[PDB]
Amino acid sequence: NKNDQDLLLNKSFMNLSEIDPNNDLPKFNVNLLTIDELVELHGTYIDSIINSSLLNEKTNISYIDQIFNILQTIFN
Amino acid sequence: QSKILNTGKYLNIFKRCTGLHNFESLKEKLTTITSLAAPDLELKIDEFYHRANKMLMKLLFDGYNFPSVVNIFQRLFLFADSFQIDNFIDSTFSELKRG
Amino acid sequence: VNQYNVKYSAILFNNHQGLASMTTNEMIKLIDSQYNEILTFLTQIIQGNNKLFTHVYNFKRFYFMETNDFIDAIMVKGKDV
Amino acid sequence: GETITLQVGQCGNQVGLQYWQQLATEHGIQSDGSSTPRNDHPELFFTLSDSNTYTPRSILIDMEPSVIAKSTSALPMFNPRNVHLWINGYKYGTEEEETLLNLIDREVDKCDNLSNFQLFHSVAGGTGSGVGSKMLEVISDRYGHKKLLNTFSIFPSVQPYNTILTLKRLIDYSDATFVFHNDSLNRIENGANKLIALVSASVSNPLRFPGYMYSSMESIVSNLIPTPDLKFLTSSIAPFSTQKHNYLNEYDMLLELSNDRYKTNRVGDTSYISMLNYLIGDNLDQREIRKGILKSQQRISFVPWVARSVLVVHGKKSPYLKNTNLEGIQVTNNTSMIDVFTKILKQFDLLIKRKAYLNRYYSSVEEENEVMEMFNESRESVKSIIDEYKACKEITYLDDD
């Protein structure tokens, strides 16, 4: 569940006897995501890995450069 | 003046919170102010204010579960359950005492 | 899409006389019903017939090196190419 | 932090069985370790598996398998891996030192943040008392003094020799030792393990059912042990509960908890070194407790050099116990220890001048010298603690004259 502040409110304090559109509409065990939501979800998932703490571009040198230097040592 | 302002604000809070555009779903019978020179203006304002308080109170208590929010605030701020904060102090005792 | 078009045209043009001949409450309710139905079907396709999660898992399996045996096989076979 | 319980001897095992039954009842844990439908924290005394089973942290040590078999069969959720099977017993404990050291290190590794060691044993237990006396030495040696030890030693009702030999190590290594007498327990009852189990279970109530204060054993003990020499505690329990004519107010609980007849050890006039009262009820009226604290401070005779403070913890009753009326436990540090220690020393001297049963311990010339020097050291240590408790009473305790 993507618990949020709007999911917190239990609306059943209102009577709300009726249900819509119909019982024929399934409940699907997965969060209903918009198209833009799916694009953003996969983009954030990839970005987190590629821009991790070790893999970021931030001795004024990045961790990736040091790792690659060690790899060149092993190649030699 | 205070009653009018607070009645309107409370109804606005209810609408913005539960998402209703208007109170059609409740299907309640309402009486409008017929004139400014009517004798029951104060009574009508009092009744409307009581209706607004009734709705907002039930929203907060039944719907938003305010009673449990009070216990949560008690625990987190005043340590009504001191086990967790005791673990926190124990874990970071060396740090907290430093400048 | 055609079935949906017929279903909701039977509400906009038969039950009512268009969007203009609709009070704001009913118009909002209609849009909410359409939104729920549309996203329900979009899920039933994308994470249903398409199996989005399975293909994301396979992306992670192959691109992120998980099946090391396959890559070892590629490297041993292509060690000269 | 988590606590580890050590059970030694037949009396220790029976008391531990009652204690763990009480604790499991309080936390709703079934006999098989399954939960029953959280705000309480049984993790400090039970290990939780990722299959939702609770098993005690206790370690069972005994010379014979009958007692351990009864205890394990009564409570199936005991882990069998933790089961292990005077001078002769102590020398036997030396042989098994490696196995026991590893066995305890397993429990220490299993917990996340160890706090203290609990020990249930009987001073008059003979061989089991010897193995427990060795247990204290090995634990104190390996884990240093960062982790404190609590011993719920049961005092005795040839025995004098055993009591002195066990009390020497009890004084040396224990950090906070409760004193229980079978005489006062059976006097109160006018079986007996159900009182000791109840007192021990209630002593840690603020840890398992957290409240505003007293969240750690350090806070509970430090209020009662001003000096490491004075480490023996006297516990008092109010028996009049669950009857129709119960104490009508917590204020009357505070006033009548101080009666000398309810104390769990033989007592005349005594001076209190420290106090701490347990009150355990669903709801507690504050103003009654304030009035009771004021009266208790004005009535009780404290030693001159102590701050003269009475502390009342507001324990919370377990949800799994249905709406039972108030109950309370009192733990004190008195100067009455001099009487019981003097009694033990008198018996020891009477039976040491007469070489009655020393043949069972003195095997040769070297054994004679060894036992003589050991006995002399134990006697001197007991006299030292008696003199310290006697010097606490007078007013010139802090003077260098």
# chains A, B, ... in the order shown; residues from 1 in each chain; ligands from 1
call {"tool": "interface_residues", "arguments": {"of": "chain B", "to": "chain A", "cutoff": "9 Å", "atoms": "only C-alpha atoms", "output": "VMD selection string"}}
result
chain B and resid 17 to 18 25 to 26 58 to 59 62 to 65
call {"tool": "select_by_dssp", "arguments": {"residues": "range 108-310 of chain D", "states": "alpha helix (DSSP H)", "output": "PyMOL selection string"}}
result
chain D and resi 108-110+127-143+159-173+182-189+193-203+205-208+217-222+250-256+286-299
call {"tool": "interface_residues", "arguments": {"of": "chain A", "to": "chain C", "cutoff": "7 Å", "atoms": "only C-alpha atoms", "output": "PyMOL selection string"}}
result
chain A and resi 21+32+34
call {"tool": "write_last_selection", "arguments": {"atoms": "C-alpha atoms", "output": "mmCIF file, in the first residue's frame"}}
result
data_model
loop_
_atom_site.group_PDB
_atom_site.id
_atom_site.type_symbol
_atom_site.label_atom_id
_atom_site.label_comp_id
_atom_site.auth_asym_id
_atom_site.auth_seq_id
_atom_site.Cartn_x
_atom_site.Cartn_y
_atom_site.Cartn_z
ATOM 1 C CA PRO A 21 -19.998 1.913 -10.481
ATOM 2 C CA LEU A 32 -3.841 1.618 -9.832
ATOM 3 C CA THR A 34 -1.549 6.351 -14.221
#
call {"tool": "closest_residue", "arguments": {"among": "D:212, D:156, D:29, D:101", "to": "chain B", "atoms": "only C-alpha atoms"}}
result
D:212
call {"tool": "residues_around", "arguments": {"residues": "residue 47 in chain D", "least_positions_apart": "3", "cutoff": "9 Å", "atoms": "only C-alpha atoms", "output": "PyMOL selection string"}}
result
chain D and resi 42-44+53-57+110-111
call {"tool": "write_last_selection", "arguments": {"atoms": "N, CA and C atoms", "output": "PDB file, in the first residue's frame"}}
result
ATOM      1  N   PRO D  42       7.845  -8.343  25.637  1.00  0.00           N
ATOM      2  CA  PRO D  42       8.382  -9.623  26.112  1.00  0.00           C
ATOM      3  C   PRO D  42       9.735  -9.963  25.525  1.00  0.00           C
ATOM      4  N   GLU D  43      10.197  -9.221  24.517  1.00  0.00           N
ATOM      5  CA  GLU D  43      11.482  -9.523  23.902  1.00  0.00           C
ATOM      6  C   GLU D  43      12.627  -9.437  24.900  1.00  0.00           C
ATOM      7  N   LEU D  44      12.481  -8.635  25.956  1.00  0.00           N
ATOM      8  CA  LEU D  44      13.527  -8.539  26.966  1.00  0.00           C
ATOM      9  C   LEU D  44      13.719  -9.846  27.721  1.00  0.00           C
ATOM     10  N   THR D  53       7.189 -17.607  17.461  1.00  0.00           N
ATOM     11  CA  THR D  53       7.276 -18.452  18.643  1.00  0.00           C
ATOM     12  C   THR D  53       8.147 -17.771  19.688  1.00  0.00           C
ATOM     13  N   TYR D  54       7.718 -17.839  20.944  1.00  0.00           N
ATOM     14  CA  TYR D  54       8.435 -17.238  22.061  1.00  0.00           C
ATOM     15  C   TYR D  54       9.057 -18.343  22.902  1.00  0.00           C
ATOM     16  N   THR D  55      10.374 -18.275  23.098  1.00  0.00           N
ATOM     17  CA  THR D  55      11.060 -19.227  23.951  1.00  0.00           C
ATOM     18  C   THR D  55      11.838 -18.497  25.038  1.00  0.00           C
ATOM     19  N   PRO D  56      11.852 -19.012  26.266  1.00  0.00           N
ATOM     20  CA  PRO D  56      12.555 -18.308  27.342  1.00  0.00           C
ATOM     21  C   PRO D  56      14.054 -18.261  27.099  1.00  0.00           C
ATOM     22  N   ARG D  57      14.687 -17.231  27.656  1.00  0.00           N
ATOM     23  CA  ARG D  57      16.135 -17.077  27.599  1.00  0.00           C
ATOM     24  C   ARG D  57      16.854 -17.854  28.691  1.00  0.00           C
ATOM     25  N   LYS D 110      23.098 -14.430  21.170  1.00  0.00           N
ATOM     26  CA  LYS D 110      21.759 -14.439  20.588  1.00  0.00           C
ATOM     27  C   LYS D 110      21.012 -13.134  20.843  1.00  0.00           C
ATOM     28  N   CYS D 111      21.242 -12.488  21.980  1.00  0.00           N
ATOM     29  CA  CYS D 111      20.560 -11.236  22.268  1.00  0.00           C
ATOM     30  C   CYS D 111      21.284 -10.065  21.606  1.00  0.00           C
TER      31      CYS D 111
END
call {"tool": "interface_residues", "arguments": {"of": "chain D", "to": "chain B", "cutoff": "6 Å", "atoms": "only C-alpha atoms", "output": "PyMOL selection string"}}
result
chain D and resi 210-212+215
call {"tool": "write_last_selection", "arguments": {"atoms": "N, CA, C and O atoms", "output": "tab-separated table (two decimals), in the first residue's frame"}}
result
chain	number	residue	atom	x	y	z
D	210	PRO	N	6.21	-0.87	29.80
D	210	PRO	CA	6.85	0.44	29.98
D	210	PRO	C	5.87	1.54	30.33
D	210	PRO	O	4.70	1.52	29.93
D	211	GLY	N	6.36	2.50	31.09
D	211	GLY	CA	5.60	3.68	31.44
D	211	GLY	C	6.43	4.93	31.27
D	211	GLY	O	7.28	4.99	30.38
D	212	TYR	N	6.19	5.94	32.10
D	212	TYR	CA	6.94	7.18	32.01
D	212	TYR	C	8.37	7.07	32.52
D	212	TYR	O	9.22	7.88	32.14
D	215	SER	N	12.67	2.76	33.11
D	215	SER	CA	12.68	1.93	31.92
D	215	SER	C	13.84	0.95	31.87
D	215	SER	O	13.92	0.17	30.91
call {"tool": "atom_distance", "arguments": {"atom1": "CA of residue 31 in chain C", "atom2": "CA of residue 41 in chain A"}}
result
25.3 Å
call {"tool": "atom_distance", "arguments": {"atom1": "CA of residue 239 in chain D", "atom2": "CA of residue 257 in chain D"}}
result
9.3 Å
call {"tool": "atom_distance", "arguments": {"atom1": "CA of residue 198 in chain D", "atom2": "CA of residue 18 in chain D"}}
result
8.5 Å
call {"tool": "interface_residues", "arguments": {"of": "chain C", "to": "chain B", "cutoff": "9 Å", "atoms": "only C-alpha atoms", "output": "ChimeraX atom specification"}}
result
/C:24-25,28
call {"tool": "write_last_selection", "arguments": {"atoms": "N, CA, C and O atoms", "output": "PDB file, in the first residue's frame"}}
result
ATOM      1  N   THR C  24     -23.461  20.072 -11.571  1.00  0.00           N
ATOM      2  CA  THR C  24     -22.041  19.880 -11.300  1.00  0.00           C
ATOM      3  C   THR C  24     -21.793  18.619 -10.480  1.00  0.00           C
ATOM      4  O   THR C  24     -20.805  17.911 -10.703  1.00  0.00           O
ATOM      5  N   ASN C  25     -22.678  18.322  -9.526  1.00  0.00           N
ATOM      6  CA  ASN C  25     -22.500  17.128  -8.705  1.00  0.00           C
ATOM      7  C   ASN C  25     -22.517  15.864  -9.558  1.00  0.00           C
ATOM      8  O   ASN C  25     -21.623  15.010  -9.444  1.00  0.00           O
ATOM      9  N   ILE C  28     -19.372  15.644 -11.857  1.00  0.00           N
ATOM     10  CA  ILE C  28     -18.195  15.171 -11.135  1.00  0.00           C
ATOM     11  C   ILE C  28     -18.300  13.677 -10.881  1.00  0.00           C
ATOM     12  O   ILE C  28     -17.316  12.938 -11.017  1.00  0.00           O
TER      13      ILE C  28
END
call {"tool": "residues_around", "arguments": {"residues": "residue 9 in chain C", "least_positions_apart": "6", "cutoff": "12 Å", "atoms": "only C-alpha atoms", "output": "MDAnalysis selection string"}}
result
chainID C and resid 1:3 15:19 30 34
call {"tool": "residues_around", "arguments": {"residues": "residue 55 in chain A", "least_positions_apart": "4", "cutoff": "12 Å", "atoms": "only C-alpha atoms", "output": "list in words"}}
result
residues 47, 48, 49, 50, 51, 62, 63, 64, 65, 66, 67 and 68 of chain A
call {"tool": "decode", "arguments": {"residues": "range 26-58 of chain A", "atoms": "N, CA, C and O atoms", "output": "PDB file, in the first residue's frame"}}
result
ATOM      1  N   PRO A  26     -13.386  -5.181 -10.937  1.00  0.00           N
ATOM      2  CA  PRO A  26     -12.521  -5.928 -10.014  1.00  0.00           C
ATOM      3  C   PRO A  26     -11.689  -5.039  -9.100  1.00  0.00           C
ATOM      4  O   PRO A  26     -11.429  -3.869  -9.387  1.00  0.00           O
ATOM      5  N   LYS A  27     -11.272  -5.626  -7.982  1.00  0.00           N
ATOM      6  CA  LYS A  27     -10.216  -5.084  -7.136  1.00  0.00           C
ATOM      7  C   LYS A  27      -8.970  -5.937  -7.353  1.00  0.00           C
ATOM      8  O   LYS A  27      -9.042  -7.168  -7.278  1.00  0.00           O
ATOM      9  N   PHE A  28      -7.834  -5.289  -7.629  1.00  0.00           N
ATOM     10  CA  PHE A  28      -6.782  -5.915  -8.429  1.00  0.00           C
ATOM     11  C   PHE A  28      -5.466  -6.203  -7.714  1.00  0.00           C
ATOM     12  O   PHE A  28      -4.485  -6.530  -8.390  1.00  0.00           O
ATOM     13  N   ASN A  29      -5.387  -6.109  -6.393  1.00  0.00           N
ATOM     14  CA  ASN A  29      -4.181  -6.526  -5.680  1.00  0.00           C
ATOM     15  C   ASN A  29      -2.953  -5.686  -6.026  1.00  0.00           C
ATOM     16  O   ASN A  29      -1.858  -5.968  -5.524  1.00  0.00           O
ATOM     17  N   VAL A  30      -3.095  -4.658  -6.856  1.00  0.00           N
ATOM     18  CA  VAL A  30      -1.981  -3.796  -7.233  1.00  0.00           C
ATOM     19  C   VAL A  30      -2.488  -2.365  -7.291  1.00  0.00           C
ATOM     20  O   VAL A  30      -3.636  -2.116  -7.672  1.00  0.00           O
ATOM     21  N   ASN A  31      -1.637  -1.422  -6.897  1.00  0.00           N
ATOM     22  CA  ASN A  31      -2.021  -0.019  -6.925  1.00  0.00           C
ATOM     23  C   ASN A  31      -2.327   0.414  -8.351  1.00  0.00           C
ATOM     24  O   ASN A  31      -1.570   0.115  -9.279  1.00  0.00           O
ATOM     25  N   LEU A  32      -3.440   1.121  -8.522  1.00  0.00           N
ATOM     26  CA  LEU A  32      -3.841   1.618  -9.832  1.00  0.00           C
ATOM     27  C   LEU A  32      -2.986   2.831 -10.175  1.00  0.00           C
ATOM     28  O   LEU A  32      -3.117   3.890  -9.552  1.00  0.00           O
ATOM     29  N   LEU A  33      -2.112   2.683 -11.166  1.00  0.00           N
ATOM     30  CA  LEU A  33      -1.148   3.713 -11.528  1.00  0.00           C
ATOM     31  C   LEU A  33      -1.503   4.330 -12.874  1.00  0.00           C
ATOM     32  O   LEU A  33      -1.891   3.625 -13.810  1.00  0.00           O
ATOM     33  N   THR A  34      -1.373   5.652 -12.960  1.00  0.00           N
ATOM     34  CA  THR A  34      -1.549   6.351 -14.221  1.00  0.00           C
ATOM     35  C   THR A  34      -0.349   6.108 -15.136  1.00  0.00           C
ATOM     36  O   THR A  34       0.701   5.619 -14.714  1.00  0.00           O
ATOM     37  N   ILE A  35      -0.519   6.465 -16.410  1.00  0.00           N
ATOM     38  CA  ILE A  35       0.554   6.286 -17.385  1.00  0.00           C
ATOM     39  C   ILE A  35       1.792   7.071 -16.958  1.00  0.00           C
ATOM     40  O   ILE A  35       2.907   6.533 -16.883  1.00  0.00           O
ATOM     41  N   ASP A  36       1.605   8.356 -16.651  1.00  0.00           N
ATOM     42  CA  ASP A  36       2.715   9.169 -16.177  1.00  0.00           C
ATOM     43  C   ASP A  36       3.286   8.610 -14.884  1.00  0.00           C
ATOM     44  O   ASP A  36       4.495   8.695 -14.652  1.00  0.00           O
ATOM     45  N   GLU A  37       2.435   8.010 -14.052  1.00  0.00           N
ATOM     46  CA  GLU A  37       2.917   7.415 -12.813  1.00  0.00           C
ATOM     47  C   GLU A  37       3.819   6.222 -13.097  1.00  0.00           C
ATOM     48  O   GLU A  37       4.842   6.049 -12.434  1.00  0.00           O
ATOM     49  N   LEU A  38       3.459   5.393 -14.078  1.00  0.00           N
ATOM     50  CA  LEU A  38       4.310   4.260 -14.431  1.00  0.00           C
ATOM     51  C   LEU A  38       5.650   4.737 -14.977  1.00  0.00           C
ATOM     52  O   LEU A  38       6.713   4.211 -14.604  1.00  0.00           O
ATOM     53  N   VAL A  39       5.621   5.749 -15.847  1.00  0.00           N
ATOM     54  CA  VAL A  39       6.870   6.271 -16.391  1.00  0.00           C
ATOM     55  C   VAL A  39       7.752   6.801 -15.267  1.00  0.00           C
ATOM     56  O   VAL A  39       8.950   6.495 -15.198  1.00  0.00           O
ATOM     57  N   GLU A  40       7.168   7.585 -14.357  1.00  0.00           N
ATOM     58  CA  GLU A  40       7.931   8.152 -13.250  1.00  0.00           C
ATOM     59  C   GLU A  40       8.444   7.069 -12.312  1.00  0.00           C
ATOM     60  O   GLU A  40       9.563   7.175 -11.804  1.00  0.00           O
ATOM     61  N   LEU A  41       7.647   6.028 -12.073  1.00  0.00           N
ATOM     62  CA  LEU A  41       8.069   4.949 -11.192  1.00  0.00           C
ATOM     63  C   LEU A  41       9.302   4.252 -11.741  1.00  0.00           C
ATOM     64  O   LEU A  41      10.302   4.080 -11.027  1.00  0.00           O
ATOM     65  N   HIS A  42       9.271   3.877 -13.021  1.00  0.00           N
ATOM     66  CA  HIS A  42      10.431   3.192 -13.570  1.00  0.00           C
ATOM     67  C   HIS A  42      11.627   4.131 -13.690  1.00  0.00           C
ATOM     68  O   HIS A  42      12.775   3.707 -13.490  1.00  0.00           O
ATOM     69  N   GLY A  43      11.382   5.412 -13.978  1.00  0.00           N
ATOM     70  CA  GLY A  43      12.482   6.356 -14.050  1.00  0.00           C
ATOM     71  C   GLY A  43      13.176   6.532 -12.716  1.00  0.00           C
ATOM     72  O   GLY A  43      14.406   6.547 -12.646  1.00  0.00           O
ATOM     73  N   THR A  44      12.403   6.653 -11.637  1.00  0.00           N
ATOM     74  CA  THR A  44      13.007   6.766 -10.316  1.00  0.00           C
ATOM     75  C   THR A  44      13.731   5.485  -9.928  1.00  0.00           C
ATOM     76  O   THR A  44      14.810   5.536  -9.324  1.00  0.00           O
ATOM     77  N   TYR A  45      13.165   4.324 -10.269  1.00  0.00           N
ATOM     78  CA  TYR A  45      13.848   3.082  -9.931  1.00  0.00           C
ATOM     79  C   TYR A  45      15.209   2.999 -10.611  1.00  0.00           C
ATOM     80  O   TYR A  45      16.196   2.596  -9.986  1.00  0.00           O
ATOM     81  N   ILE A  46      15.287   3.366 -11.891  1.00  0.00           N
ATOM     82  CA  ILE A  46      16.583   3.333 -12.571  1.00  0.00           C
ATOM     83  C   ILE A  46      17.513   4.403 -12.009  1.00  0.00           C
ATOM     84  O   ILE A  46      18.711   4.160 -11.798  1.00  0.00           O
ATOM     85  N   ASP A  47      16.986   5.606 -11.770  1.00  0.00           N
ATOM     86  CA  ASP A  47      17.828   6.708 -11.325  1.00  0.00           C
ATOM     87  C   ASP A  47      18.467   6.399  -9.981  1.00  0.00           C
ATOM     88  O   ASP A  47      19.635   6.728  -9.750  1.00  0.00           O
ATOM     89  N   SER A  48      17.721   5.758  -9.083  1.00  0.00           N
ATOM     90  CA  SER A  48      18.281   5.431  -7.779  1.00  0.00           C
ATOM     91  C   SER A  48      19.525   4.566  -7.917  1.00  0.00           C
ATOM     92  O   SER A  48      20.529   4.796  -7.233  1.00  0.00           O
ATOM     93  N   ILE A  49      19.484   3.564  -8.796  1.00  0.00           N
ATOM     94  CA  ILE A  49      20.646   2.700  -8.975  1.00  0.00           C
ATOM     95  C   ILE A  49      21.786   3.467  -9.631  1.00  0.00           C
ATOM     96  O   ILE A  49      22.923   3.446  -9.146  1.00  0.00           O
ATOM     97  N   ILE A  50      21.507   4.162 -10.737  1.00  0.00           N
ATOM     98  CA  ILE A  50      22.619   4.759 -11.476  1.00  0.00           C
ATOM     99  C   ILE A  50      23.250   5.898 -10.688  1.00  0.00           C
ATOM    100  O   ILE A  50      24.458   6.133 -10.792  1.00  0.00           O
ATOM    101  N   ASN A  51      22.460   6.629  -9.904  1.00  0.00           N
ATOM    102  CA  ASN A  51      22.953   7.764  -9.125  1.00  0.00           C
ATOM    103  C   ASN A  51      23.111   7.415  -7.652  1.00  0.00           C
ATOM    104  O   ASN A  51      22.862   8.250  -6.777  1.00  0.00           O
ATOM    105  N   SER A  52      23.527   6.191  -7.348  1.00  0.00           N
ATOM    106  CA  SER A  52      23.725   5.791  -5.966  1.00  0.00           C
ATOM    107  C   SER A  52      24.895   6.564  -5.361  1.00  0.00           C
ATOM    108  O   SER A  52      25.562   7.364  -6.023  1.00  0.00           O
ATOM    109  N   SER A  53      25.144   6.318  -4.073  1.00  0.00           N
ATOM    110  CA  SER A  53      26.227   7.014  -3.388  1.00  0.00           C
ATOM    111  C   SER A  53      27.572   6.702  -4.029  1.00  0.00           C
ATOM    112  O   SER A  53      28.381   7.607  -4.265  1.00  0.00           O
ATOM    113  N   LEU A  54      27.827   5.427  -4.326  1.00  0.00           N
ATOM    114  CA  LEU A  54      29.108   5.042  -4.904  1.00  0.00           C
ATOM    115  C   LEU A  54      29.213   5.410  -6.378  1.00  0.00           C
ATOM    116  O   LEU A  54      30.307   5.733  -6.852  1.00  0.00           O
ATOM    117  N   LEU A  55      28.105   5.371  -7.112  1.00  0.00           N
ATOM    118  CA  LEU A  55      28.129   5.570  -8.555  1.00  0.00           C
ATOM    119  C   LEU A  55      27.918   7.021  -8.967  1.00  0.00           C
ATOM    120  O   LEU A  55      27.862   7.305 -10.168  1.00  0.00           O
ATOM    121  N   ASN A  56      27.799   7.942  -8.017  1.00  0.00           N
ATOM    122  CA  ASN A  56      27.637   9.344  -8.365  1.00  0.00           C
ATOM    123  C   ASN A  56      28.949   9.914  -8.896  1.00  0.00           C
ATOM    124  O   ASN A  56      30.022   9.324  -8.747  1.00  0.00           O
ATOM    125  N   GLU A  57      28.849  11.079  -9.532  1.00  0.00           N
ATOM    126  CA  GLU A  57      30.014  11.781 -10.053  1.00  0.00           C
ATOM    127  C   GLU A  57      30.642  12.717  -9.029  1.00  0.00           C
ATOM    128  O   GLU A  57      31.667  13.341  -9.328  1.00  0.00           O
ATOM    129  N   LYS A  58      30.057  12.836  -7.843  1.00  0.00           N
ATOM    130  CA  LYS A  58      30.595  13.706  -6.805  1.00  0.00           C
ATOM    131  C   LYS A  58      31.942  13.190  -6.308  1.00  0.00           C
ATOM    132  O   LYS A  58      32.085  12.823  -5.143  1.00  0.00           O
TER     133      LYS A  58
END
